[PDB]
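Q: structure here, sequence nowhere to be found:
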Ligand SMILES: Nc1ncnc2c1ncn2[C@@H]1O[C@H](COP(=O)(O)OP(=O)(O)OP(=O)(O)O)[C@@H](O)[C@H]1O
Ligand SMILES: Nc1ncnc2c1ncn2[C@@H]1O[C@H](COP(=O)(O)OP(=O)(O)OP(=O)(O)O)[C@@H](O)[C@H]1O
Ligand SMILES: Nc1ncnc2c1ncn2[C@H]1C[C@H](O)[C@@H](COP(=O)(O)OP(=O)(O)OP(=O)(O)O)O1
Ligand SMILES: Nc1ncnc2c1ncn2[C@H]1C[C@H](O)[C@@H](COP(=O)(O)OP(=O)(O)OP(=O)(O)O)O1
Ligand SMILES: Nc1ncnc2c1ncn2[C@H]1C[C@H](O)[C@@H](COP(=O)(O)OP(=O)(O)OP(=O)(O)O)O1
Ligand SMILES: Nc1ncnc2c1ncn2[C@H]1C[C@H](O)[C@@H](COP(=O)(O)OP(=O)(O)OP(=O)(O)O)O1
Ligand SMILES: [Mg+2]
Ligand SMILES: [Mg+2]
Ligand SMILES: [Mg+2]
Ligand SMILES: [Mg+2]
């Protein structure tokens, strides 16, 4: 041994294991069941003569990263702190970060930070904000979290790979930018409170916000909903609108249900329609227009009513079989269903297929007035002049669920629930569609041109509360104030490439805040998914969420004024989510209301809301790993998730596995979806928009190794029974 | 004995004398036709209770099957029999009703435009009815009548009812186009144009024949769109395509300006994903209004050979490869200039650039060839500019290889499209072409679908029937009728896109070609390959262009020249006889027979109503009407067999009885050398381009495979004689 090492400056000195052993001790503080000697054993054997000190540092990182297991979960924090150490050297040349002001100035000169930081904050104000920063909080990240920070969030050079900042400078400047326009009387106060909220992992922020809000970029929109009209001018506008947003890396929600069916006459019969599929293809290439091949890049979800005439051709657009002429595979789909459609299924009757051009007012009423829909639907069924097609409800629903089973990307949206239990008046601004992940339900209006100021493209800013980072529900009051005010300030911060999109964003100021670490949240309270023991807890939890969110936005409307289009909301008429929820929820939950909604109701009727929507439960796979949380409301598939990477295999252990290893309920440890869907329904009672609920099935739990069709339709009807608005993925175990 | 079923529902015993009465009336003046032979094959198919309509359709098909080389006049027998039935379906009798009574009835039904009764009085309709000779319906061939019944004649697409005859079509097309003409000469022009199209002297496009009298105003069938290097332009181009393919029009897309894969955006805020993902977006725009996504409309996308992704764009049509790098449902046209061919002959390399990294290289590539070579070599010597070196021999081989397999990879010599052009390259250069590569018009990219600063090139088509004229001096009258009619259509048709109307109203570009050229050489006893038609072609197409220009020139004296005439070479007194490829002087010694110098001074002073007039387009539909050969292309056989809904339709080449040995079939030709020489001579006078085809027979080559050496031989041969574009490459199987 006694080999030589290579320092950073190029120098060379005899190896000193005491220096390595000294570092490992500083990264193992407070950790349990960790062996420094075991790390050194796996590290020393890899050492060679003339080794770089940087390679030595990465060696003890990977060596500790491989020791991440169920038996010793704290190795994910050991390798993390070791990774933090190296990133300090890469960005600063030392451990302790420079002064906040000295950092910003240097970065602005390089052109990595926005210059408005030095314009909106003085040097003295930067000194005060630096005191808020606790750089020791970087030791609270997990190993999987650091890899996410180093690769996605932290400002860096995409060419050389140099890191230019740490995790704490990220949080303090995101807070600095969002509240930069606040008066100095309260500006620095909000900056501190919001910083401590996101640094202690109480509020989770989306990827484009974490890696953007401090950089010169202003592209923060990642959720786009576009409704397409039945005209070439509208299709061209929709297509152009897609290209503009997928170029900014945004999820697209397309509503092409208005497009008339194949064979439908045009201009009295001067020409005849060629089908929706040729236009669906045009939308797909628009989405894949900025993808290095047409496979990756961006994705979208196209929506259409079940009673559409070509519905038998649209459901089978994703299956691998069939020719390219009748397949549009690289997009997802969401079939829109209402009460009358399910009724025909239960009664085993038929479903009459119409083209939305041959049935006047049938489409609009399909979303707004269900009573008017059933009137028009039955009227046009008995009409022999209207072109139609008869298909049995049992077969149609079976075809839908069949393709949903194989592809797993065919989604369901109960549109009647999206307007009967909605924050919007269906008579003024109805919800006719959703987004990519089916958690967004916002009003839309078709565009006659890409720059049409009469259309409306729905945008929504996302965020999430971390239920695993709060000790009680009364903390949400403070967190809601910080979350809403920050996102609302971002709306006036970001840019809008399409005029019709800015109209909706400035008009309604729609927000969508969800939750993460819900699985771990049930584990702490000793609850589960399937048994239905978390029903009362869920009702208590999401009540506190929605109440404090509304209260935060309501007080914000007193300060800066309500949104311009607030009169188009149900809140303006004094209608709360606790008034229009699915009454079938009363049979699965008896938890009482713990907050004064009636006082809130009068406060909203008088002062209004800053935002038309506030709550929306979205999936979180990237933002969750930062706080070491479970993916949204979904249960973990295992105690330890294994994901390969550029620096080897990354392992992430569920939070507090040492004390809750039996408290957790894995995905495939569940009997069925009945317990899960009931919880979703209870959440939906308070959630303004929708929930990205997933259906799960294990072929091994069913005879002949196949999931029966009777079970699929059962859970589907079960979901609709409890007021579930949307259904996302269908996970099939292999 | 047996009984037949009348139209009214009645029933009468069969009368063979009635059928023999009809057949005799349809065989008048015909030679080598046997009425008894038709009756022999017709009577045996008869059954009791047969409908008279089925009887009529039986004797038609029976006469249609007897169409052969030995007796070519059967094509007129079955035709006249088909005409008879169409008279009954539309009028209920043989003799058509009065013109005025017909129009009024049709307008009431909403099949004709009401502006016919507004622009013409009852007395004027009576005068036009005197011009109509309904006996001319007996001059159509069987293949021609079938085309009338299915494409041209106004009908109900649901019930299948015919609402008019062929003569009402011609007289009302003439009536509408000249409806705005002064009373002094209006009916005078109506008659002359009627006699021109009814005697098959002037051939008109499908959308004109089936449109100009109906309430529709969609007559644009030729669209050229240039795409800029921006999302705003790609979206605009996409929107522009969809609206025009919805009107059934051919699209010419120029997506050469789109920067290559990896090119930096806004200094490097984002990086390009390639041209191919955008090509797919253009394709679905084309196939957006197509039954199933396969039929409907088609387009041709153009890109320069020196483009960086040229190795990826050349192989977009082959059946091989994954879907990620294939765009098969569109045709392509590689743009080549002098420097590219020079690198080929010297066996050197071709440097590939992205049009975003080479300032002014794209513009000079079309406009200034001298400037191009300067910039190309300069940017070649620069090591800071991203580039890629590929051998000229290999690049050309890859191009011709995919052209050989697909037959849809086209070639456009852009240097010839501006050195020998009716447009000033410094003001309005030709940067692209159309679907069939016969159109060469200036274009400007759109920053929006409704951009008033962009320019979408449109062109109205037509053709002279060389087999229907007795001399070349007849073209003087025909050009006057042709140009004035098409120019009037420009103010008649609608424009769904502002940028398209700008080009149409500004330059008023026309494109008149020819049909029956193969039969034209047969009458004069000339051929393609031997080069015996070189001097004849030079004489013919001179008379075409001269009489075309002279017609438009005097039209400019009457109604004023086109607004953007100052951007033409004609304005500076430059004629096609001044800027042609000088290599043509070695293959033709035919002198000019017309006073061009008098025309030259008349153009400098009074100008031209139209910036362009001549363009040789393919004609497969309009040619069958006049029983002509498909454009300038030679026939593949003496009799063409084409299946249909009513059986097998047979068409015999014109005057086969006297010219069976005079003709030169397609596969009876040694090579393309004889053909390309003729095309080169035509290009000397043609304003735009020619849809020239290259033909090859694997049986005439050893090992049953066409050598690459021959493909490059004919390609360089074409460029040598100033051939602007190359269309199909027909490979015999
Ligand atoms: N006070 C500290 N607490 C925790 N980690 C530290 C501290 N100071 C430095 N580090 C980190 O420990 C690693 C080594 O630090 P440092 O350069 O001070 O010591 P060394 O490399 O072991 O020895 P040498 O004096 O030869 O440089 C680096 O990744 C650095 O960021
Ligand atoms: N003078 C004519 N010259 C040529 N064709 C004619 C003439 N008169 C009629 N025809 C056509 O010949 C066909 C038969 O004519 P027509 O109806 O008068 O006689 P028919 O059918 O044999 O007997 P009928 O109708 O009296 O029972 C029709 O298609 C009609 O248009
Ligand atoms: N002489 C040495 N022998 C063995 N390990 C060493 C030696 N010096 C440093 N190390 C260890 C300490 C850390 O775990 C790891 C990385 O040290 P690091 O401080 O980043 O590099 P460095 O010491 O060469 O540069 P610097 O001069 O900036 O401190 O290497
Ligand atoms: N030529 C065409 N071929 C195929 N589909 C077409 C064609 N033209 C339009 N379409 C499609 C696009 C739309 O979905 C629909 C026609 O709608 P639109 O663009 O508004 O036409 P329009 O307004 O002129 O007539 P309409 O009164 O029938 O709506 O049919
Ligand atoms: N009784 C008959 N026996 C045999 N052939 C007949 C008879 N009547 C007519 N034809 C022939 C004449 C034509 O060649 C062919 C089609 O006749 P067509 O004139 O179109 O119908 P039609 O005679 O039944 O009605 P219309 O009274 O309108 O003339 O049938
Ligand atoms: N996000 C994107 N992903 C992929 N391709 C893109 C993206 N944005 C633009 N493109 C394409 C479209 C154009 O061909 C080209 C950029 O041109 P353009 O739309 O005019 O952008 P720009 O004007 O903002 O920047 P530039 O100065 O580089 O042209 O790259
Ligand atoms: Mg060190
Ligand atoms: Mg319309
Ligand atoms: Mg009759
Ligand atoms: Mg640009």
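A: Thanks, I have it. Numbering: from 1, shown residues only, chains lettered A, B, ... in the order given. Ligands and ions are numbered 1, 2, ... in the order given.

Q: how about the residue in the stretch 151-300 of chain A positioned nearest to ligand 2, what does it touch?
A: Closest to ligand 2 within the stretch 151-300 of chain A is residue A:269: 29.4 Å, counting by Cβ to the nearest ligand atom. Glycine gets a C-beta too; all of them are placed from N, C-alpha and C. Taking Cβ atoms under 8 Å, 6 or more residues apart in numbering or on different chains as the criterion, residue A:269 is in contact with B:157, B:158.

Q: wait, does stretch A:499-513 contact chain B?
A: No. Stretch A:499-513 stays clear of chain B (Cβ under 8 Å from any Cβ of the partner chain), getting no nearer than 12.8 Å.

Q: quick check: the residue of the stretch 151-300 of chain A closest to ligand 2 vs residue A:263, distance?
A: Note on residue A:269: its distance to residue A:263, by Cβ to Cβ, to the nearest Å, is 11 Å.

Q: show me where the stretch 151-300 of chain A has strands.
A: For the stretch 151-300 of chain A, applying DSSP state E, counting those that start in this stretch gives strands covering A:203-204, A:223-227, A:251-255, A:265-266, A:271-272, A:300-305.

Q: residues of chain A that sit close to ligand 1?
A: Within chain A, the positions near ligand 1 by Cβ under 6 Å from any ligand atom are A:19, A:23, A:26, A:57, A:85, A:86, A:88, A:89, A:95.

Q: of those residues, grab the buried ones for ChimeraX.
A: This is the ChimeraX syntax for the buried subset of the residues of chain A next to ligand 1, where burial follows 16 or more other Cβ atoms under 10 Å in any protein chain shown:
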select /A:23,57,85,86,88
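
Q: restricted to helices, list the residues of chain A next to ligand 1.
A: When helices are assigned by DSSP state H, the members of the residues of chain A next to ligand 1 inside them are A:19, A:23, A:26, A:57, A:85, A:86, A:88, A:89.

Q: so what's the last one up against?
A: For residue A:89, the contact set (Cβ under 8 Å, 6+ apart) comprises A:8, A:57, A:95.

Q: need the residues you listed in CSV (columns: distance to ligand 3).
A: Shown next, in CSV, are the contacts of residue A:89 (distance: Cβ to the nearest ligand atom, whole Å):
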residue, distance to ligand 3
A:8, 4
A:57, 4
A:95, 9
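
Q: just the closest of those to residue A:484, please.
A: For the contacts of residue A:89, the closest approach to residue A:484 (Cβ to Cβ) belongs to residue A:95, at 36.7 Å.

Q: pretty sure residue A:719 is touching residue A:676, no?
A: No. Residue A:719 lies out of contact with residue A:676 (Cβ atoms under 8 Å); the separation is 9.6 Å.

Q: what do those two both touch?
A: Joint contacts of residue A:719 and residue A:676 (Cβ under 8 Å, 6+ apart) are residue A:693.

Q: other residues contacting the strand or helix carrying residue A:64?
A: Using DSSP states H and E, residue A:64 sits in helix A:53-65. Residues from elsewhere that reach helix A:53-65 (Cβ under 8 Å, 6+ apart): A:5-8, A:20, A:23-24, A:39-40, A:42-43, A:46-47, A:75, A:78-79, A:82-83, A:85-86, A:89, A:143, A:647-651.

Q: still on that earlier bit, so which of the strands of the stretch 151-300 of chain A comes closest to residue A:508?
A: That would be strand A:223-227 among the strands of the stretch 151-300 of chain A, by Cβ to Cβ, at 11.7 Å.

Q: quick one: is the closest one near chain B?
A: No. Legend: contact between strand A:223-227 and chain B by Cβ under 8 Å from any Cβ is lacking; minimum distance shown is 13.7 Å.

Q: packing partners of that strand?
A: helix A:232-246, strand A:251-255, strand A:458-459 (3 or more Cβ pairs under 8 Å, 6 or more residues apart in numbering or on different chains; DSSP states H and E).

Q: redo those as a markdown table? Include distance to residue A:683 and mean neighbour count.
A: Shown next, in a markdown table, are the helices and strands packed on strand A:223-227 (distance: least, Cβ to Cβ, whole Å; neighbours: other Cβ atoms under 10 Å in any protein chain shown):
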| stretch | distance to residue A:683 | mean neighbour count |
| --- | --- | --- |
| helix A:232-246 | 29 | 24 |
| strand A:251-255 | 21 | 25 |
| strand A:458-459 | 21 | 27 |
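
Q: ok, which of the ones you listed comes nearest ligand 4?
A: That would be helix A:232-246 among the helices and strands packed on strand A:223-227, by Cβ to the nearest ligand atom, at 3.8 Å.

Q: and the closest residue to ligand 5 within the stretch 351-500 of chain A, backbone torsions?
A: Among the residues of the stretch 351-500 of chain A, residue A:385 lies nearest to ligand 5; the distance is 32.7 Å by Cβ to the nearest ligand atom. Per-residue torsions, residue A:385: phi -80, psi -20 (degrees, to the nearest 10).

Q: what count of nearby residues applies to residue A:567?
A: Neighbours of residue A:567 under the rule other Cβ atoms under 10 Å in any protein chain shown: 13.
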